[PDB]
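Listed next as structure tokens: two forms of one protein chain, kept apart as structure 1 and structure 2.
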Structure 1
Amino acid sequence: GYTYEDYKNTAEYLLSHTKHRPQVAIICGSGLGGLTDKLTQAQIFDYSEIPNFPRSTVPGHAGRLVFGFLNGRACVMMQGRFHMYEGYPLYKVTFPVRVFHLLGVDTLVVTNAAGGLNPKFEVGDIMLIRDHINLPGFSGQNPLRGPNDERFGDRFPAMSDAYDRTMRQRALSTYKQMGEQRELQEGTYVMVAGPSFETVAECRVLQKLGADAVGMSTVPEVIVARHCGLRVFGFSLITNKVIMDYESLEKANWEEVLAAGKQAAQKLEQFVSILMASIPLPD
């Protein structure tokens, strides 16, 4: 895989090529690339020009790294991400997270599109990620598998406090004081590898396990971020309701997923701006 020097080489490339010094990294998921629009003094790198960066092969993933200020805050944004289903091993999927750490980032915001498993969710809802279920992790697909480098973190990091409690309370609070539009949802995200969508029986499995939303990303990035000590916040856009009975003739499809992101673009933009305000400055 990647040596420590590989991560350092990439971080040094970025640090040499930009004056931006980000505090927060944001990973934009399927159809959420629009979150880069409000960056000021934006500087763009195509992933292809960044040493060791994988390529985004999925539609709705632009494949660019954008530095700028978001609500005055120094950010770096992955406009597009990587997925196991593309053929990438998790050490590639998660590579940018350790680079961000080496750039000086102290907070990772992870975003995604997700299928709703909890019947109370509607398409267009934002679900705050309170926790996850790492199904690939259980079987061996964990980005920390292999020799541990103490320069990044511990051999056996805990994940029970992965999603930052303070930011979650603040976000929930702020959306109470609105009382406008749908309320902010909260729940458990389960990662499945994909790329095919779930059967009805699989939908019922994931529900029985206690997941509220399902997708094919995010969890590995969180694990790596927590290993290197980043504060983590996550949310899903619920882009479709997972099919849960044999009567329906509806089927999950990627077109509908991207369409739901386009529709929620302004709402997501607002949410992320309020989010930045809840991140404390470094010491």
Structure 2
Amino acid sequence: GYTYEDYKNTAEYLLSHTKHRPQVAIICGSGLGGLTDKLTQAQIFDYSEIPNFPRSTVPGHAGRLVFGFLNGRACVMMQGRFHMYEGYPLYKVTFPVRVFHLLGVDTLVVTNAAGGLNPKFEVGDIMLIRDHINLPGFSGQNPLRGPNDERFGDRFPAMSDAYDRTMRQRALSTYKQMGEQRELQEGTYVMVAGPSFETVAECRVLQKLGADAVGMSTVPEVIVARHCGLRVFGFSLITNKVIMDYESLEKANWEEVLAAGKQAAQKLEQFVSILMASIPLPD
């Protein structure tokens, strides 16, 4: 897909057009549509402005990067993403992450919506990602497929420690501060390609494999971030409880997902800000 130069050009373009120098990249999933509003000294770039950036044909906008400070933390926020189910190859899906690395970002925060597989979870819960199961990865759909560039990382990176232990500990503490009724969940996120929702039998399979939440994103980004050495922290908003029996007349649907994203908007906004304080300083 892209050459090392391509990534470098894209980073140079951004670096030369802003004085912001982000430590943390945040990929906004459902419910963080409005997180930019909490940025101070915001500066926007549209994907159409940025060289080599792929573009969503999705009607509203191409999407944007927004630099700024979140609780005095120097960050870049990514709004609008690319998904495997939309037809994008994985090197396009994960293009931004390699760019962030070249911006000198050292921490990636990924968020998403997911269906709850774990019976304890409730719509509205936040689940810290402790680990993932990369089903597309097993079959070949891994973003690192192809020639490896030692300037980014190793030919065979490890994923057993992908989700930073310390940030999860600190996240667990600091969540008490918000004084929420439901606690912070923690669990395994499984990635499926989508875009259709799971059958009952499929949900049962995912449960047996050990997954607590299922979604259609995030994992490829995590793998690329880890490949180039970034610290990674992630979580899912449980937006619906996956159907697990044939009796129910309920069905997963996207409007439900958006509604859940709205209810949780503030909780999520609050939580990401707080979390900024927990992030270690550069080096």
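Structure 1 provides the reference sequence; residues are numbered from 1 along it. Residues that one form lacks are left out of the comparison. In this text, the rigid core denotes the largest set of C-alpha atoms whose superposition between the two forms falls within 1.5 Å.
Single mover in 72, 140, 147, 179, with Cα shift of 2 Å or more between structure 1 and structure 2 when the core is superposed
It is 179; the other listed residues stay below 2 Å.
**Asked** Rigid core fitted, is the C-alpha displacement of residue 62 between structure 1 and structure 2 2 Å or more?
**Response** True for residue 62: a C-alpha shift of 2 Å or more.
Relative to the superposed rigid core, does the CA atom of residue 31 travel 2 Å or more between structure 1 and structure 2? Shift of 2 Å or more: yes.
Checklist entry - residue 219: how far does its C-alpha move between structure 1 and structure 2, core aligned, in angstrom? => result Its C-alpha position differs by 0.4 Å.
In sequence order, what are the runs of three or more consecutive residues whose Cα atoms each shift by at least 2 Å between structure 1 and structure 2, relative to the rigid core? The segments that shift (3 or more residues, C-alpha shift of 2 Å or more) are 30 to 32, 55 to 62, 174 to 180.
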